[PDB]
Amino acid sequence: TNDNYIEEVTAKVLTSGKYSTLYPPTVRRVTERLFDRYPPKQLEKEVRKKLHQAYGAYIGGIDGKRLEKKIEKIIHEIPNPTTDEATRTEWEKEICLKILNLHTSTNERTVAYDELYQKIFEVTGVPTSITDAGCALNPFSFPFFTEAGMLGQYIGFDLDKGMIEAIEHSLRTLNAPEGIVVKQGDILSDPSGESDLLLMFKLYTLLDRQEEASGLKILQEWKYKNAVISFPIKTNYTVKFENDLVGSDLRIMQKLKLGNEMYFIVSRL
């Protein structure tokens, strides 16, 4: 009956309409972390308390059907008549660039996609695959990392299943390559996995906010040839990260500044 409270509390948080479409393992993790330091009773109050704070941010505002409506309108407005490879490739970028302009996460990076992956791959080399943690609308970035040379598999994941379903239905409308895969996941709660190139765009601070010292732990647990970690330029939090690396056994291979974001390319060698 020790692990029951954890499962009962999490099931009660999930069955309710508020924190419904939220990756269940994420709910279990918070619940399992708070159970070690707060009384079994009234845990449901404090788990919800931390969901309103750290997890309420990307869950609030994102409406699954609403997102798909805006994306599906953008695709039908601009027509897709027969043309040349080069021109259709520029059309594919035009639409994907508008889709990226929808949510805040990828709005500011649209100026950089034109050459973001080209610049990242100069350092890391062309990866055989990309894992994109907390992907948001970044899967619609395939036109750019594809011309940059990455024709392998892309596995993007985020917390909201409503968003991810909208992305999957949208990607099929664009006749996207079968290698552009989206699923739901949480790099914080899911088991540590392997990758070639791991992308953590605007996630390190959010991760430390959701759970202390988690971001650095994840970078040491996950196996990857290289990993890209993005931070905004609100002028603070970026210095805290490069300070965290001093103690770890990780290495900064390159530090790139594109648009209004600083990208750190980290490696185990």
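Numbered per PDB author numbering, the sequence shown spans residues 3 to 237, 248 to 281.
Even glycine gets a Cβ: it sits at the ideal position worked out from N, Cα and C.
If you run the structure through DSSP and keep just helix, strand and coil, what is residue i?
| i | result |
| --- | --- |
| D192 | coil |
| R280 | coil |
| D65 | coil |
| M152 | coil |
| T133 | strand |
| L205 | coil |
| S107 | helix |
| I235 | coil |
| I220 | helix |
| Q44 | coil |
| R39 | coil |
| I182 | strand |
| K252 | helix |
| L199 | strand |
| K227 | coil |
| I122 | helix |
| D160 | strand |
| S18 | coil |
| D5 | helix |
| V113 | helix |
Sorted by chain position, which residues of the same chain lie with C-beta nearer than 6 Å to residue i's C-beta, five sequence neighbours on each side aside?
| i | result |
| --- | --- |
| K20 | none |
| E94 | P145 |
| residue 2 | Outside the displayed span of the chain (3 to 281) sits residue 2, for which this structure offers no information. |
| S194 | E223, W224 |
| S172 | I73 |
| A229 | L200, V278 |
Using the rule of at least 16 other Cβ atoms within 10 Å of the residue's Cβ for burial, across every protein chain shown, is residue i buried or exposed?
| i | result |
| --- | --- |
| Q44 | exposed |
| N140 | buried |
| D198 | buried |
| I73 | buried |
| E273 | buried |
| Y156 | buried |
| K204 | buried |
| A59 | exposed |
From this set, the options, which residue's C-alpha is nearest residue i's C-alpha?
| i | options | result |
| --- | --- | --- |
| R31 | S22, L104, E9, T17 | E9 |
| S191 | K14, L24, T17 | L24 |
| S22 | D65, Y40, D38, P42 | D65 |
| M152 | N255, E124, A168, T175 | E124 |
| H54 | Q212, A138, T175 | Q212 |
| residue 240 | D261, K269, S279, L281 | The model of the chain omits the segment between 237 and 248, and residue 240 is among the residues lacking coordinates. |
| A138 | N82, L36, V183, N228 | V183 |
| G154 | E170, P179, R174 | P179 |
| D210 | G63, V230, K252 | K252 |
| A56 | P83, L208, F276 | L208 |
| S279 | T91, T237, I220 | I220 |
What does residue i pair with, by DSSP beta-bridge criteria?
| i | result |
| --- | --- |
| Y275 | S232, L268 |
| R263 | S279 |
What does a CB cutoff of less than 8 Å around residue i pick up in its chain, not counting 5 residues either side in sequence?
| i | result |
| --- | --- |
| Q186 | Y25, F159, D160, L161, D162, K163, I166 |
| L16 | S22, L24, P26, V29 |
| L99 | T112, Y115 |
Apart from the five residues just before and just after residue i, which ones in its own chain have a Cβ nearer than 7 Å to its Cβ?
| i | result |
| --- | --- |
| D188 | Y25, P27, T28, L161 |
| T250 | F233, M274 |
| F142 | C98, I101, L102 |
| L218 | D256, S260 |
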